[PDB]
Structures are given as C-alpha cells and as structure tokens.
Amino acid sequence: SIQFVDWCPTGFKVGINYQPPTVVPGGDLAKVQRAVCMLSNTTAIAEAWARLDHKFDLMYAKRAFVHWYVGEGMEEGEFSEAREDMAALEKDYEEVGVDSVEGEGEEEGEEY
Amino acid sequence: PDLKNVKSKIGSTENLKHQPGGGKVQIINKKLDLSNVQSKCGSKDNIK
C-alpha cells in the first residue's frame with residue numbers, strides 16, 4: 001500500500017555509519033542517539049511539474065516579464081525550448097508511472 | 001456710430017478643427033511551437 005511501480009525488482013539503498021547525529025549550540029534541541037536520511041524517487045514530483053506547467057503558460061502566453069531576460073542577453077526561443085523540455089519531462093515521468101504490461105495496435109475480433 | 005464687424009480673440013472659435021483624434025491598442029500575446037517535441041527517456045520499445 002506504500003506504493004511502488006509494477007516493474008520494480010529492487011528499490012532500496014541502505015547504509016550504516018557509526019558516528020551519531022550531533023546538533024548546534026544555541027537551541028532547545030534534541031540530542032538523539034540515531035537518525036535516518038532519506039531520498040525518495042517517485043512520480044509525485046510530476047504533481048509539481050504540473051504546477052510549473054500551469055504557472056508558466058499564463059505568463060508566457062501574455063509574454064509577461066520576458067523583456068527583462070531579453071535585455072540581459074537571452075533568446076526568446078530559450079524560454080520556449082525550456083518549456084518544450086518540461087513538455088518532455090511531463091511525459092518522461094509518465095512513461096514510468098505505468099505498469100509493465102505488453103502489447104500494441106488494434107483489434108476488434110475473436111482468436112478463439 | 002457703427003462698428004461694421006467685430007469678433008472675439010482668441011480661444012475655442014479657433015479650435016474647431018482639432019479634436020484631437022484618438023487611436024487603437026492591441027495585445028501582447030503569442031504562442032510557442034510544440035511540433036519538434038518527443039520524450040527524452042524511452043525504453044518501452046525494447047519489448048522488441
């Protein structure tokens with residue numbers, strides 16, 4: 001229920017270091033004996049790509065602000081080709097979140 | 001006496017040709033071209 005992709009054979013990377021966590025001077029802080037530090041790779045970043053896809057297109061269509069980038073050395077095609085890359089990234093992250101099942105084209109009849 | 005003709009000097013009587021006239025405004029909008037674009041990862045054809 002804590003959800004991995006269908007295709008995942010092996011999803012983990014584990015480590016052990018003997019030195020503890022140590023805080024700073026100058027707080028009411030927790031001097032714990034042990035800690036974890038985690039990094040998650042996930043399609044959930046594709047929700048915040050979709051927000052950059054939303055923010056961008058309202059400004060860039062109206063061409064708000066773009067003259068500030070022009071006047072300090074930048075192509076217009078630069079913005080366009082960065083958002084093009086975001087149009088790819090949106091899908092680069094969608095071609096993964098899918099389940100590993102196989103097949104192609106079109107059919108409407110029986111084999112059996 | 002007689003004055004024959006006399007008139008005012010100078011104001012709104014000398015302005016009656018020049019309104020002035022107005023103009024027209026426009027946006028301030030574009031698109032971008034998407035026609036070149038494909039995804040940059042791409043393993044699913046390897047099913048072959």
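Worth a mention:
- Of all residues in region B:7-33, those satisfying the criterion of being under 31 Å from the mean Cα position of the chain (by Cα), over 30 Å from A:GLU84 (Cβ atoms) and either of a type in the set (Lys, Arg) or assigned to a loop (DSSP other than H, G, I, E, B) (or both) are B:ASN15, B:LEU16, B:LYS17, B:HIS18, B:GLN19, B:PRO20, B:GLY21, B:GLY22, B:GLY23, B:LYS24, B:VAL25.
- When B:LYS44, B:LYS4 are checked against the criterion of being more than 22 Å from the chain's Cα centre (by Cα) and exposed (fewer than 10 other Cβ atoms within 10 Å of the Cβ), B:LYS4 stands alone in meeting it.
- Leading residue by the ranking (farthest from the other protein chains (Cβ to nearest Cβ)) among those in region B:10-48 that are aliphatic (A, V, I, L, M) and out of contact with any helix residue (DSSP H, G or I) (no Cβ under 9 Å at 6 or more places or on another chain): B:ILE10
- Residues of region A:19-72 satisfying the condition of being farther than 30 Å from A:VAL98 by Cα and charged (D, E, K, R): A:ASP28, A:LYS31, A:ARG34, A:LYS62, A:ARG63, A:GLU72
- Any hit, region B:34-41, residues being over 30 Å from A:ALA61 (Cα atoms), part of a loop (DSSP other than H, G, I, E, B) and not acidic (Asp, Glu): no
- Qualifying residue in region A:2-22 (condition: among the β-branched types (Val, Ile, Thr), surrounded by 12 or more Cβ atoms within 10 Å (Cβ to Cβ) and in contact (Cβ under 8 Å) with a residue 60 or more places away in the chain): yes
Yes/no per residue for (1) exposed (fewer than 13 other Cβ atoms within 10 Å of the Cβ); (2) within 12 Å of another protein chain (Cβ to nearest Cβ):
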position	(1), (2)
A:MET38	yes, no
A:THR43	no, no
A:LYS55	yes, no
A:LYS62	no, yes
A:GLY71	yes, no
A:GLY77	yes, yes
A:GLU81	no, yes
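- Scanning region A:83-97 for residues that are hydrophobic (A, V, I, L, M, F, W, C) and at the interface with chain B (Cβ under 8 Å from one of its Cβ atoms) yields A:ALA87, A:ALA88, A:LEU89, A:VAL96.
All Cβ positions, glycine included, derive from the backbone under ideal geometry; neighbour counts span all protein chains shown. We did not get these values from a lab; they are worked out from the coordinates using the rules stated.
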